[PDB]
$ cat target28.cif   # mmCIF, C-alpha atoms and all ligand atoms
data_data
#
loop_
_atom_site.label_atom_id
_atom_site.label_comp_id
_atom_site.auth_asym_id
_atom_site.auth_seq_id
_atom_site.Cartn_x
_atom_site.Cartn_y
_atom_site.Cartn_z
CA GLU K 32 0.00 0.00 0.00
CA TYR K 33 3.04 2.34 0.00
CA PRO K 34 2.31 5.09 -2.54
CA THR K 35 4.24 5.04 -5.86
CA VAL K 36 5.39 7.84 -8.17
CA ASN K 37 2.46 7.54 -10.64
CA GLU K 38 0.00 7.73 -7.68
CA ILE K 39 1.05 11.19 -6.36
CA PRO K 40 0.55 14.30 -8.51
CA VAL K 41 3.38 16.82 -8.16
CA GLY K 42 2.28 19.21 -5.40
CA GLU K 43 0.48 16.59 -3.25
CA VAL K 44 1.94 14.85 -0.20
CA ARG K 45 1.02 11.51 1.33
CA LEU K 46 1.83 10.20 4.80
CA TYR K 47 2.41 6.54 5.55
CA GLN K 48 2.39 5.08 9.04
CA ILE K 49 5.59 3.09 9.60
CA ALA K 50 5.22 2.36 13.33
CA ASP K 51 3.61 3.90 16.43
CA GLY K 52 4.61 7.58 16.27
CA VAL K 53 6.64 7.16 13.03
CA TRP K 54 5.51 8.11 9.54
CA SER K 55 7.15 8.61 6.24
CA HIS K 56 6.11 11.51 4.02
CA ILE K 57 6.02 10.96 0.25
CA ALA K 58 6.05 13.64 -2.40
CA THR K 59 6.87 13.90 -6.11
CA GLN K 60 8.88 16.43 -8.01
CA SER K 61 10.02 17.18 -11.50
CA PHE K 62 13.83 17.41 -12.03
CA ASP K 63 15.54 17.67 -15.42
CA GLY K 64 12.36 16.63 -17.08
CA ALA K 65 11.62 13.45 -15.13
CA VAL K 66 9.34 12.90 -12.12
CA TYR K 67 10.60 11.19 -9.01
CA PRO K 68 9.02 10.20 -5.69
CA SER K 69 10.87 11.17 -2.53
CA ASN K 70 10.55 10.16 1.14
CA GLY K 71 11.16 11.88 4.42
CA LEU K 72 10.31 11.02 8.03
CA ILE K 73 8.06 12.31 10.81
CA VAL K 74 8.65 11.22 14.40
CA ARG K 75 6.40 11.96 17.35
CA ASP K 76 8.25 13.94 20.08
CA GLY K 77 5.70 13.93 22.93
CA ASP K 78 3.07 16.51 21.93
CA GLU K 79 5.30 17.78 19.09
CA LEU K 80 6.75 16.36 15.87
CA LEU K 81 10.27 16.14 14.53
CA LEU K 82 10.51 16.32 10.74
CA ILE K 83 13.32 14.69 8.76
CA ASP K 84 13.80 16.31 5.32
CA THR K 85 11.61 18.63 3.31
CA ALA K 86 9.10 17.40 0.70
CA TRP K 87 11.35 18.65 -2.13
CA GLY K 88 10.22 22.15 -2.94
CA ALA K 89 8.34 25.10 -1.52
CA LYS K 90 4.87 24.13 -2.64
CA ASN K 91 5.36 20.47 -1.71
CA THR K 92 6.61 21.45 1.74
CA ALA K 93 3.59 23.73 2.34
CA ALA K 94 1.41 20.74 1.31
CA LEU K 95 3.36 18.53 3.74
CA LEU K 96 2.63 20.85 6.65
CA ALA K 97 -1.08 20.91 5.65
CA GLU K 98 -1.17 17.09 5.46
CA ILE K 99 0.44 16.80 8.89
CA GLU K 100 -2.10 19.26 10.34
CA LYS K 101 -4.99 17.21 8.94
CA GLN K 102 -3.73 13.69 9.70
CA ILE K 103 -1.73 14.06 12.87
CA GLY K 104 -2.64 17.42 14.38
CA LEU K 105 0.58 17.94 16.36
CA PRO K 106 2.91 20.84 15.54
CA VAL K 107 6.18 20.34 13.70
CA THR K 108 8.68 22.16 15.92
CA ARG K 109 12.03 21.04 14.50
CA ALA K 110 13.34 19.68 11.21
CA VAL K 111 16.65 18.06 10.23
CA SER K 112 17.89 17.91 6.65
CA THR K 113 20.01 14.83 5.91
CA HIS K 114 22.08 16.34 3.08
CA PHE K 115 22.41 19.52 1.07
CA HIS K 116 20.44 18.66 -2.09
CA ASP K 117 17.01 20.14 -2.93
CA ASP K 118 15.06 16.95 -2.06
CA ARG K 119 16.27 17.52 1.54
CA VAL K 120 16.54 21.32 1.94
CA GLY K 121 14.17 22.62 -0.78
CA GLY K 122 11.34 24.03 1.32
CA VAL K 123 13.44 25.00 4.35
CA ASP K 124 12.35 28.62 3.83
CA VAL K 125 8.68 27.49 4.01
CA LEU K 126 9.43 25.57 7.24
CA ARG K 127 11.26 28.51 8.74
CA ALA K 128 8.44 31.00 7.82
CA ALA K 129 6.03 28.50 9.52
CA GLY K 130 8.10 28.74 12.72
CA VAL K 131 9.84 25.33 12.42
CA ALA K 132 13.42 25.39 13.73
CA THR K 133 15.62 23.95 10.92
CA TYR K 134 18.87 22.07 11.50
CA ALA K 135 21.67 20.44 9.53
CA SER K 136 25.31 19.59 10.05
CA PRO K 137 27.89 22.31 9.26
CA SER K 138 29.00 20.16 6.30
CA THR K 139 25.46 20.26 4.89
CA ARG K 140 25.08 23.97 5.55
CA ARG K 141 28.33 24.83 3.75
CA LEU K 142 27.46 22.68 0.76
CA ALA K 143 23.92 24.08 0.55
CA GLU K 144 25.30 27.61 0.67
CA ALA K 145 27.89 26.90 -2.06
CA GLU K 146 25.18 25.29 -4.23
CA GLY K 147 22.69 28.15 -3.85
CA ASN K 148 20.23 25.91 -2.00
CA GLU K 149 18.15 26.83 1.03
CA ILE K 150 20.13 26.73 4.25
CA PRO K 151 18.86 25.28 7.54
CA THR K 152 19.21 27.79 10.39
CA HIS K 153 21.01 25.78 13.06
CA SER K 154 24.18 23.72 12.98
CA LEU K 155 24.45 20.17 14.26
CA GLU K 156 27.86 19.62 15.81
CA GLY K 157 29.26 16.25 16.80
CA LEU K 158 28.71 14.61 13.38
CA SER K 159 31.87 15.45 11.46
CA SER K 160 33.64 12.08 11.84
CA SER K 161 32.40 8.82 10.28
CA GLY K 162 30.68 6.70 12.91
CA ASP K 163 29.56 9.75 14.90
CA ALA K 164 26.13 9.65 16.51
CA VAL K 165 24.15 12.29 18.40
CA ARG K 166 20.73 12.36 19.99
CA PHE K 167 18.13 14.75 18.64
CA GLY K 168 14.74 14.48 20.30
CA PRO K 169 13.31 10.99 19.66
CA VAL K 170 15.99 9.99 17.12
CA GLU K 171 19.65 9.28 16.79
CA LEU K 172 21.50 11.04 13.94
CA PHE K 173 24.38 9.05 12.48
CA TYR K 174 27.09 10.13 10.06
CA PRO K 175 28.18 6.92 8.25
CA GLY K 176 30.83 8.51 6.05
CA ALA K 177 30.63 9.66 2.46
CA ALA K 178 28.17 7.83 0.22
CA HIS K 179 25.53 9.56 -1.96
CA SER K 180 27.12 12.79 -0.73
CA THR K 181 29.94 13.63 1.64
CA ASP K 182 27.51 15.07 4.22
CA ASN K 183 24.75 12.47 4.17
CA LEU K 184 23.23 11.56 7.53
CA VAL K 185 21.03 8.61 8.47
CA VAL K 186 18.40 8.64 11.21
CA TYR K 187 17.44 5.89 13.66
CA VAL K 188 14.27 5.80 15.75
CA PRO K 189 15.28 3.57 18.68
CA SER K 190 11.76 3.12 20.09
CA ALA K 191 10.62 1.66 16.76
CA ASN K 192 13.81 0.11 15.26
CA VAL K 193 13.27 2.27 12.17
CA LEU K 194 16.24 3.32 10.08
CA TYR K 195 15.75 6.18 7.62
CA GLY K 196 18.64 6.06 5.20
CA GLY K 197 17.92 9.08 3.06
CA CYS K 198 19.62 9.13 -0.32
CA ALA K 199 22.51 6.99 0.95
CA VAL K 200 20.09 4.02 0.80
CA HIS K 201 18.28 2.80 -2.32
CA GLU K 202 15.09 0.77 -2.55
CA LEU K 203 15.23 -2.93 -3.53
CA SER K 204 13.96 -2.41 -7.06
CA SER K 205 16.77 0.03 -7.83
CA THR K 206 18.86 -0.85 -10.92
CA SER K 207 20.79 2.45 -11.01
CA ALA K 208 22.60 4.64 -8.51
CA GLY K 209 20.69 7.90 -9.16
CA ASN K 210 22.52 11.21 -9.19
CA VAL K 211 26.19 10.36 -8.36
CA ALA K 212 27.64 13.77 -9.21
CA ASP K 213 28.38 14.45 -5.51
CA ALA K 214 28.86 10.83 -4.43
CA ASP K 215 31.89 8.89 -3.25
CA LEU K 216 31.36 5.54 -5.03
CA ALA K 217 34.47 3.99 -3.49
CA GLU K 218 33.55 4.90 0.14
CA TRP K 219 29.83 4.24 -0.21
CA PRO K 220 30.07 0.43 0.50
CA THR K 221 32.24 1.12 3.57
CA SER K 222 29.67 3.70 4.79
CA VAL K 223 26.86 1.14 4.24
CA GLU K 224 28.87 -1.45 6.23
CA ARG K 225 29.15 1.07 9.08
CA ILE K 226 25.36 1.50 9.09
CA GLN K 227 24.91 -2.31 9.06
CA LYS K 228 27.29 -2.63 12.04
CA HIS K 229 25.73 0.22 14.04
CA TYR K 230 22.05 -0.69 13.50
CA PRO K 231 21.82 -4.50 13.36
CA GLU K 232 18.35 -4.46 15.03
CA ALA K 233 16.70 -2.24 12.38
CA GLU K 234 13.34 -3.69 11.39
CA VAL K 235 12.36 -1.16 8.76
CA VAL K 236 14.78 0.62 6.41
CA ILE K 237 13.41 3.62 4.49
CA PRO K 238 15.28 4.76 1.36
CA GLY K 239 15.42 8.36 0.17
CA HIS K 240 13.33 7.36 -2.84
CA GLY K 241 10.98 4.40 -3.18
CA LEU K 242 9.68 1.60 -1.05
CA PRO K 243 10.70 0.80 2.54
CA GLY K 244 11.87 -2.71 3.31
CA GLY K 245 14.17 -4.46 5.72
CA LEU K 246 17.93 -4.58 6.30
CA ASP K 247 18.43 -6.00 2.76
CA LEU K 248 18.17 -2.45 1.35
CA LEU K 249 21.63 -1.81 2.78
CA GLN K 250 23.47 -4.62 0.98
CA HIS K 251 21.43 -3.98 -2.14
CA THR K 252 22.57 -0.36 -2.12
CA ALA K 253 26.22 -1.40 -1.91
CA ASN K 254 25.57 -3.75 -4.88
CA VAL K 255 23.86 -1.00 -6.97
CA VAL K 256 26.79 1.30 -6.34
CA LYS K 257 29.34 -1.35 -7.33
CA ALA K 258 27.42 -2.03 -10.61
CA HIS K 259 27.51 1.69 -11.36
CA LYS K 260 31.31 1.86 -10.59
CA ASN K 261 31.98 -0.59 -13.47
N1 LIG K 301 19.50 14.13 -3.96
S1 LIG K 301 19.79 14.56 -5.52
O1 LIG K 301 19.77 15.94 -5.70
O2 LIG K 301 20.99 13.82 -5.91
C1 LIG K 301 18.55 13.97 -6.63
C2 LIG K 301 17.89 14.96 -7.46
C3 LIG K 301 17.03 14.53 -8.46
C4 LIG K 301 16.84 13.22 -8.69
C5 LIG K 301 17.45 12.23 -7.92
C6 LIG K 301 17.20 10.82 -8.21
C7 LIG K 301 16.64 9.95 -7.32
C8 LIG K 301 16.44 8.60 -7.67
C9 LIG K 301 16.81 8.12 -8.94
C10 LIG K 301 16.65 6.69 -9.31
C11 LIG K 301 17.36 5.70 -8.35
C12 LIG K 301 17.16 4.25 -8.79
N2 LIG K 301 15.71 3.96 -8.94
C13 LIG K 301 14.98 4.92 -9.87
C14 LIG K 301 15.19 6.41 -9.50
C15 LIG K 301 17.38 9.00 -9.80
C16 LIG K 301 17.60 10.34 -9.45
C17 LIG K 301 18.33 12.62 -6.86
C18 LIG K 301 18.98 11.53 -6.09
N3 LIG K 301 18.72 11.26 -4.77
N4 LIG K 301 19.44 10.11 -4.57
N5 LIG K 301 20.05 9.79 -5.68
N6 LIG K 301 19.81 10.61 -6.64
ZN ZN K 302 21.15 14.08 -3.01
ZN ZN K 303 17.62 12.04 -3.33
#
$ encode --input "target28.cif" --output "structure tokens"
Amino acid sequence: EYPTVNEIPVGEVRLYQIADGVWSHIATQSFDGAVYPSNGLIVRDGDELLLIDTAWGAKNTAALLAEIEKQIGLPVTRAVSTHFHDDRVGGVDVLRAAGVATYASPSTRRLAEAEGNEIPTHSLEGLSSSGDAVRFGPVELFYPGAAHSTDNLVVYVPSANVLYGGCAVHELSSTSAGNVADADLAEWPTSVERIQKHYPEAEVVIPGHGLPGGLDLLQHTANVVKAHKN
């Protein structure tokens, strides 16, 4: 029942319940003349919500906030962007105007600024070394090392054993590595192995794009990246 790309018009946002107090958000966006689905995460934080990643654009992110208001009815107070690309930060200005406190690592902020992308307000220290982990509300943020991008973070929800991989993790049906322009194809398998080692109890793995599954998404991603490399 997870929504697919052809099921979501660009500008609409769907929520999908992953576990008690954990949802993914799914949106679609046009990029270089093709339409892609994209996931983020929502985690209940008492009587508040923590958002992971924008819905890829200003209008999509306004629609995301409206969908959250309708379906969940708890305020989004903080958001974390997991890397500097537009599917993660595009819409930060909408979040900020709506009073959401926006966060990203200094690595992500510098890359977003150099790229001309929207820049989260606050800096997340303690994530600059591969294998670093910090607590942020109801999640753990983990920097696995360079993969899809040099700054990519993953997010674990310990109460639910949910791992959100962002664009460092591909769905099982993936046959291509996506946009690798900012990737480190050689380090990516090592970064995936670090995630595997750190989160062996993950029950659900959510990719940046496409269907959630189990821990197999991690090895599959390393395999996709190796096929791209040669
Ligand atoms: N995050 S990004 O800016 O590099 C991006 C922008 C536009 C399209 C994409 C994009 C996303 C997925 C795909 C493929 C991956 C394999 N399955 C079909 C879609 C292609 C491009 C991406 C991306 N995210 N992760 N990897 N690339
Ligand atoms: Zn990206
Ligand atoms: Zn992406």
$ residues_near_ligand --input "target28.cif" --ligand "ligand ZN 303 (chain K)" --cutoff "8 Å" --atoms "all atoms listed in the file" --output "JSON list (two decimals) with C-alpha atoms, in the frame of the given file"
[["chain", "number", "residue", "atom", "x", "y", "z"],
["K", 69, "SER", "CA", 10.87, 11.17, -2.53],
["K", 116, "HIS", "CA", 20.44, 18.66, -2.09],
["K", 118, "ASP", "CA", 15.06, 16.95, -2.06],
["K", 119, "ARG", "CA", 16.27, 17.52, 1.54],
["K", 197, "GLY", "CA", 17.92, 9.08, 3.06],
["K", 198, "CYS", "CA", 19.62, 9.13, -0.32],
["K", 209, "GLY", "CA", 20.69, 7.90, -9.16],
["K", 210, "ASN", "CA", 22.52, 11.21, -9.19],
["K", 239, "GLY", "CA", 15.42, 8.36, 0.17],
["K", 240, "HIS", "CA", 13.33, 7.36, -2.84]]
$ atom_distance --input "target28.cif" --atom1 "CA of residue 60 (chain K)" --atom2 "CA of residue 104 (chain K)"
25.2 Å
$ residues_near_ligand --input "target28.cif" --ligand "ligand ZN 302 (chain K)" --cutoff "12 Å" --atoms "all atoms listed in the file" --output "number ranges by chain"
K: 69, 84, 87, 112-121, 139, 142-143, 146, 148, 177-184, 196-201, 208-215, 238-240
$ residues_around --input "target28.cif" --residues "residue 204 (chain K)" --least-positions-apart "4" --cutoff "12 Å" --atoms "all atoms listed in the file" --output "list in words"
residues 200, 208, 238, 240, 241, 242, 243, 244, 247, 248, 251, 252, 254 and 255 of chain K
$ closest_residue --input "target28.cif" --among "K:123, K:202, K:154, K:162" --to "ligand LIG 301 (chain K)" --atoms "all atoms listed in the file"
K:202
$ residues_around --input "target28.cif" --residues "residue 105 (chain K)" --least-positions-apart "2" --cutoff "10 Å" --atoms "all atoms listed in the file" --output "PyMOL selection string"
chain K and resi 75-80+99-103+107-108
$ axis_aligned_box --input "target28.cif" --around "region 122-125 of chain K" --padding-each-side "3 Å" --output "JSON"
{"center_x": 11.1, "center_y": 26.3, "center_z": 2.8, "size_x": 10.8, "size_y": 10.6, "size_z": 9.0}
$ residues_around --input "target28.cif" --residues "residue 163 (chain K)" --least-positions-apart "4" --cutoff "7 Å" --atoms "all atoms listed in the file" --output "ChimeraX atom specification"
/K:157-158,173-174
$ closest_residue --input "target28.cif" --among "K:169, K:245, K:34, K:88" --to "ligand LIG 301 (chain K)" --atoms "only C-alpha atoms and all ligand atoms"
K:88
$ atom_distance --input "target28.cif" --atom1 "CA of residue 171 (chain K)" --atom2 "CA of residue 206 (chain K)"
29.5 Å
$ closest_residue --input "target28.cif" --among "K:217, K:194, K:93, K:86" --to "ligand LIG 301 (chain K)" --atoms "all atoms listed in the file"
K:86
$ residues_around --input "target28.cif" --residues "region 46-50 of chain K" --least-positions-apart "2" --cutoff "10 Å" --atoms "all atoms listed in the file" --output "ChimeraX atom specification"
/K:32-34,44,52-58,70-74,95,98-99,102-103,188,190-193,235,237,243
$ atom_distance --input "target28.cif" --atom1 "CA of residue 96 (chain K)" --atom2 "CA of residue 126 (chain K)"
8.3 Å
$ closest_residue --input "target28.cif" --among "K:137, K:68, K:42, K:122" --to "ligand LIG 301 (chain K)" --atoms "only C-alpha atoms and all ligand atoms"
K:68
$ closest_residue --input "target28.cif" --among "K:125, K:168, K:227, K:155" --to "residue 97 (chain K)" --atoms "only C-alpha atoms"
K:125
$ build_atoms --input "target28.cif" --residues "region 69-99 of chain K" --atoms "N, CA and C atoms" --output "mmCIF file, in the frame of the given file"
data_model
loop_
_atom_site.group_PDB
_atom_site.id
_atom_site.type_symbol
_atom_site.label_atom_id
_atom_site.label_comp_id
_atom_site.auth_asym_id
_atom_site.auth_seq_id
_atom_site.Cartn_x
_atom_site.Cartn_y
_atom_site.Cartn_z
ATOM 1 N N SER K 69 9.852 10.939 -3.541
ATOM 2 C CA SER K 69 10.870 11.170 -2.530
ATOM 3 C C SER K 69 10.237 10.998 -1.159
ATOM 4 N N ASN K 70 10.996 10.407 -0.241
ATOM 5 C CA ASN K 70 10.550 10.160 1.140
ATOM 6 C C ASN K 70 11.267 11.075 2.109
ATOM 7 N N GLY K 71 10.575 11.396 3.192
ATOM 8 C CA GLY K 71 11.160 11.880 4.420
ATOM 9 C C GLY K 71 10.518 11.162 5.606
ATOM 10 N N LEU K 72 10.779 11.653 6.816
ATOM 11 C CA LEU K 72 10.310 11.020 8.030
ATOM 12 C C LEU K 72 9.639 12.014 8.958
ATOM 13 N N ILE K 73 8.686 11.523 9.761
ATOM 14 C CA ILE K 73 8.060 12.310 10.810
ATOM 15 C C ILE K 73 8.090 11.444 12.053
ATOM 16 N N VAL K 74 8.570 12.008 13.177
ATOM 17 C CA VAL K 74 8.650 11.220 14.400
ATOM 18 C C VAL K 74 7.980 11.996 15.516
ATOM 19 N N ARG K 75 7.047 11.345 16.202
ATOM 20 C CA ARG K 75 6.400 11.960 17.350
ATOM 21 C C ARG K 75 7.392 12.141 18.482
ATOM 22 N N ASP K 76 7.335 13.345 19.086
ATOM 23 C CA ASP K 76 8.250 13.940 20.080
ATOM 24 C C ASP K 76 7.339 14.496 21.185
ATOM 25 N N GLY K 77 6.679 13.587 21.891
ATOM 26 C CA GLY K 77 5.700 13.930 22.930
ATOM 27 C C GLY K 77 4.431 14.494 22.319
ATOM 28 N N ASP K 78 4.190 15.805 22.529
ATOM 29 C CA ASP K 78 3.070 16.510 21.930
ATOM 30 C C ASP K 78 3.524 17.370 20.755
ATOM 31 N N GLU K 79 4.725 17.072 20.229
ATOM 32 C CA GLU K 79 5.300 17.780 19.090
ATOM 33 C C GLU K 79 5.795 16.745 18.100
ATOM 34 N N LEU K 80 6.176 17.212 16.913
ATOM 35 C CA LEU K 80 6.750 16.360 15.870
ATOM 36 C C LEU K 80 8.111 16.867 15.452
ATOM 37 N N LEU K 81 8.987 15.908 15.168
ATOM 38 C CA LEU K 81 10.270 16.140 14.530
ATOM 39 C C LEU K 81 10.125 15.695 13.066
ATOM 40 N N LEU K 82 10.501 16.599 12.165
ATOM 41 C CA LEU K 82 10.510 16.320 10.740
ATOM 42 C C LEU K 82 11.915 16.026 10.251
ATOM 43 N N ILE K 83 12.051 14.987 9.423
ATOM 44 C CA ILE K 83 13.320 14.690 8.760
ATOM 45 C C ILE K 83 13.078 14.917 7.264
ATOM 46 N N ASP K 84 13.772 15.932 6.723
ATOM 47 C CA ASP K 84 13.800 16.310 5.320
ATOM 48 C C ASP K 84 12.518 17.015 4.876
ATOM 49 N N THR K 85 12.722 17.971 3.971
ATOM 50 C CA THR K 85 11.610 18.630 3.310
ATOM 51 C C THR K 85 10.938 17.663 2.335
ATOM 52 N N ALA K 86 9.819 18.127 1.744
ATOM 53 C CA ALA K 86 9.100 17.400 0.700
ATOM 54 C C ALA K 86 9.534 17.848 -0.695
ATOM 55 N N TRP K 87 10.773 18.366 -0.826
ATOM 56 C CA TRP K 87 11.350 18.650 -2.130
ATOM 57 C C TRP K 87 10.607 19.764 -2.859
ATOM 58 N N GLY K 88 10.772 20.950 -2.335
ATOM 59 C CA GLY K 88 10.220 22.150 -2.940
ATOM 60 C C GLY K 88 9.332 22.929 -2.008
ATOM 61 N N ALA K 89 9.180 24.218 -2.324
ATOM 62 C CA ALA K 89 8.340 25.100 -1.520
ATOM 63 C C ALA K 89 6.884 24.673 -1.487
ATOM 64 N N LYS K 90 6.274 24.495 -2.642
ATOM 65 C CA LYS K 90 4.870 24.130 -2.640
ATOM 66 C C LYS K 90 4.646 22.753 -2.028
ATOM 67 N N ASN K 91 5.524 21.782 -2.331
ATOM 68 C CA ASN K 91 5.360 20.470 -1.710
ATOM 69 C C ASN K 91 5.473 20.551 -0.198
ATOM 70 N N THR K 92 6.407 21.380 0.296
ATOM 71 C CA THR K 92 6.610 21.450 1.740
ATOM 72 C C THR K 92 5.433 22.146 2.435
ATOM 73 N N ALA K 93 4.814 23.135 1.780
ATOM 74 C CA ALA K 93 3.590 23.730 2.340
ATOM 75 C C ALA K 93 2.502 22.626 2.372
ATOM 76 N N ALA K 94 2.421 21.797 1.320
ATOM 77 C CA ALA K 94 1.410 20.740 1.310
ATOM 78 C C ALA K 94 1.699 19.703 2.396
ATOM 79 N N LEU K 95 2.970 19.435 2.660
ATOM 80 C CA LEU K 95 3.360 18.530 3.740
ATOM 81 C C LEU K 95 2.864 19.040 5.076
ATOM 82 N N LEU K 96 3.097 20.311 5.374
ATOM 83 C CA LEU K 96 2.630 20.850 6.650
ATOM 84 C C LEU K 96 1.101 20.746 6.754
ATOM 85 N N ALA K 97 0.392 21.002 5.642
ATOM 86 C CA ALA K 97 -1.080 20.910 5.650
ATOM 87 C C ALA K 97 -1.535 19.458 5.880
ATOM 88 N N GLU K 98 -0.826 18.490 5.291
ATOM 89 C CA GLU K 98 -1.170 17.090 5.460
ATOM 90 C C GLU K 98 -0.950 16.624 6.898
ATOM 91 N N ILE K 99 0.158 17.084 7.488
ATOM 92 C CA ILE K 99 0.440 16.800 8.890
ATOM 93 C C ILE K 99 -0.638 17.379 9.797
#
